[PDB]
Amino acid sequence: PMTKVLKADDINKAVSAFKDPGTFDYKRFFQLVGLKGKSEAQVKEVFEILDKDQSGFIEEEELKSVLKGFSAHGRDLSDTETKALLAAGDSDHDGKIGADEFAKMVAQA
Ligand SMILES: [Ca+2]
Ligand SMILES: [Ca+2]
(Lines give C-alpha, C1' and ligand atoms only; values in the text may rest on other atoms or scores of the structure.)
(Ligands and ions follow the chains in the order given, each with its own letter.)
Protein backbone atom coordinates (compact mmCIF):
# COMPACT_ATOMS: atom_id res chain seq x y z
CA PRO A 1 0.00 0.00 0.00
CA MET A 2 0.98 3.67 0.16
CA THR A 3 2.92 2.93 3.35
CA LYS A 4 5.66 1.45 1.15
CA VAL A 5 6.90 5.04 0.73
CA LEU A 6 4.94 7.26 3.17
CA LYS A 7 4.42 7.11 6.93
CA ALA A 8 1.18 5.76 8.35
CA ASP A 9 0.93 8.63 10.86
CA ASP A 10 1.52 11.27 8.16
CA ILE A 11 -1.12 9.67 5.94
CA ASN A 12 -3.66 9.75 8.77
CA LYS A 13 -2.90 13.39 9.61
CA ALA A 14 -2.94 14.57 5.99
CA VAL A 15 -6.18 12.79 5.10
CA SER A 16 -7.93 14.04 8.23
CA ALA A 17 -6.83 17.60 7.45
CA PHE A 18 -9.07 17.51 4.35
CA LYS A 19 -12.10 15.68 5.72
CA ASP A 20 -14.35 18.64 4.93
CA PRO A 21 -15.83 18.37 1.41
CA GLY A 22 -14.65 21.10 -0.92
CA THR A 23 -11.46 21.95 0.99
CA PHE A 24 -8.85 19.80 -0.76
CA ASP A 25 -5.54 21.51 -1.55
CA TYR A 26 -2.95 19.15 -3.00
CA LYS A 27 -0.05 21.44 -2.08
CA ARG A 28 -0.73 21.43 1.65
CA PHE A 29 -1.72 17.75 1.41
CA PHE A 30 1.63 16.85 -0.17
CA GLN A 31 3.43 18.69 2.64
CA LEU A 32 1.42 17.10 5.45
CA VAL A 33 1.61 13.58 3.97
CA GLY A 34 5.39 13.83 3.57
CA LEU A 35 5.43 13.50 -0.22
CA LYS A 36 7.21 16.81 -0.71
CA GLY A 37 10.91 15.97 -0.53
CA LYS A 38 10.62 12.48 -2.00
CA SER A 39 12.96 11.26 -4.72
CA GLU A 40 11.69 10.64 -8.24
CA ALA A 41 11.76 6.88 -7.62
CA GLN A 42 9.56 7.15 -4.53
CA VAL A 43 7.21 9.57 -6.29
CA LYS A 44 6.87 6.93 -9.03
CA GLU A 45 5.66 4.42 -6.42
CA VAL A 46 2.96 6.89 -5.32
CA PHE A 47 1.98 7.50 -8.95
CA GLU A 48 1.65 3.77 -9.58
CA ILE A 49 -0.71 3.32 -6.62
CA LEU A 50 -2.91 6.17 -7.84
CA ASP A 51 -2.88 4.69 -11.39
CA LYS A 52 -5.23 1.91 -10.36
CA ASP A 53 -5.82 0.46 -13.84
CA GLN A 54 -2.13 0.36 -14.92
CA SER A 55 -2.76 2.71 -17.85
CA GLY A 56 0.34 4.81 -17.21
CA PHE A 57 -1.79 7.88 -16.43
CA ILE A 58 -3.99 9.08 -13.58
CA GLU A 59 -7.28 9.69 -15.36
CA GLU A 60 -9.85 12.12 -13.97
CA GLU A 61 -11.82 9.49 -12.05
CA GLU A 62 -8.60 8.18 -10.47
CA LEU A 63 -7.83 11.75 -9.36
CA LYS A 64 -11.29 11.93 -7.79
CA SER A 65 -10.25 8.91 -5.68
CA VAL A 66 -6.83 10.35 -4.77
CA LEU A 67 -7.46 10.28 -1.01
CA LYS A 68 -8.49 6.60 -1.14
CA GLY A 69 -5.10 5.76 -2.66
CA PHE A 70 -3.45 7.09 0.49
CA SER A 71 -6.01 5.69 2.95
CA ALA A 72 -8.74 3.21 2.10
CA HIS A 73 -11.39 5.03 4.14
CA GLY A 74 -10.77 8.47 2.63
CA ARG A 75 -13.56 10.36 0.90
CA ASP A 76 -13.86 10.97 -2.81
CA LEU A 77 -13.23 14.50 -4.02
CA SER A 78 -16.09 16.50 -5.47
CA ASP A 79 -16.16 17.20 -9.20
CA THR A 80 -15.13 20.79 -8.39
CA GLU A 81 -12.12 19.63 -6.38
CA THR A 82 -11.16 17.07 -9.04
CA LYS A 83 -11.28 19.63 -11.85
CA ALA A 84 -9.11 22.03 -9.85
CA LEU A 85 -6.61 19.27 -9.12
CA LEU A 86 -6.50 18.18 -12.75
CA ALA A 87 -6.02 21.80 -13.90
CA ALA A 88 -3.07 22.21 -11.54
CA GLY A 89 -1.04 19.44 -13.20
CA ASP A 90 -2.36 18.64 -16.70
CA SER A 91 0.16 20.70 -18.61
CA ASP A 92 -0.51 19.09 -22.03
CA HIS A 93 -4.30 19.50 -21.62
CA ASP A 94 -5.13 15.90 -22.51
CA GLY A 95 -7.39 15.42 -19.47
CA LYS A 96 -5.16 13.00 -17.51
CA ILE A 97 -1.96 13.15 -15.42
CA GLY A 98 1.18 11.47 -16.72
CA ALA A 99 4.24 10.41 -14.75
CA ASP A 100 6.30 13.55 -15.44
CA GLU A 101 3.25 15.76 -14.87
CA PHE A 102 2.74 14.13 -11.47
CA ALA A 103 6.39 14.57 -10.51
CA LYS A 104 6.06 18.26 -11.39
CA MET A 105 2.98 18.56 -9.17
CA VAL A 106 5.07 17.28 -6.26
CA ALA A 107 7.92 19.65 -7.13
CA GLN A 108 5.72 22.75 -7.44
CA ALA A 109 3.71 22.06 -4.28
CA1 LIG B 1 -4.98 4.95 -14.90
CA1 LIG C 1 -1.70 15.33 -19.24
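This section reports on the structure supplied with the text.

**Quick notes on the coordination of the calcium ion (ligand 2)**
Move 1: Those protein atoms acting as donors to the calcium ion (ligand 2) are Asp-90 (OD), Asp-92 (OD), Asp-94 (OD), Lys-96 (O), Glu-101 (OE) and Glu-101 (OE), and they sit at 2.3 to 2.5 Å.
Move 2: Spacing between the donor residues of the calcium ion (ligand 2) along their common chain follows D-x1-D-x1-D-x1-K-x4-E.
Move 3: With relative accessibility at 49%, the residue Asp-92 sits in the partly exposed group.
Move 4: With relative accessibility at 10%, the residue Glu-101 sits in the buried group.

**Observations concerning the nonpolar core**
Move 1: Within the largest apolar cluster, 30 residues are counted, with the highest numbers of intra-cluster contacts made by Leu-6, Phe-24, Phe-29, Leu-35, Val-46, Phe-70 and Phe-102.
Move 2: Only helix 1 (8-16), helix 2 (26-32), helix 3 (40-50), helix 5 (66-70), helix 6 (79-89) and helix 7 (99-108) provide two or more residues apiece to this core.
Move 3: Each residue touching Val-46, except ones within four places of it in the same chain, is listed here: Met-2, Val-5, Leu-6, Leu-35, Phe-70 and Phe-102.

**Regarding the coordination of the calcium ion (ligand 1)**
Move 1: With distances of 2.3 to 2.6 Å, the protein atoms coordinating the calcium ion (ligand 1) are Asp-51 (OD), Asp-53 (OD), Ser-55 (OG), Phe-57 (O), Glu-59 (OE), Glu-62 (OE) and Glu-62 (OE).
Move 2: Counting the intervening residues between successive donors of the calcium ion (ligand 1) yields the motif D-x1-D-x1-S-x1-F-x1-E-x2-E.
Move 3: Given the relative accessible area of 7%, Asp-51 is considered buried.

Rules used in this analysis
- Residues numbered from 1 in each chain as written, not as in the entry; some residues may be left out.
- Chains lettered and ligands numbered in written order.
- Heavy atoms only, no water.
- Donors = N, O, S within 2.8 Å, 3.2 Å for Na, K, Ca; no water.
- Buried < 20%, exposed > 50% of the residue type's maximum accessible area, 1.4 Å probe, protein only.
- Core = buried A, V, L, I, M, F, W, Y, C linked by side-chain atoms within 4.5 Å.
- Helix = DSSP H or I, 4+ residues; strand = E, 2+ residues; numbered from the N terminus.
- Contact = heavy atoms within 4.5 Å.

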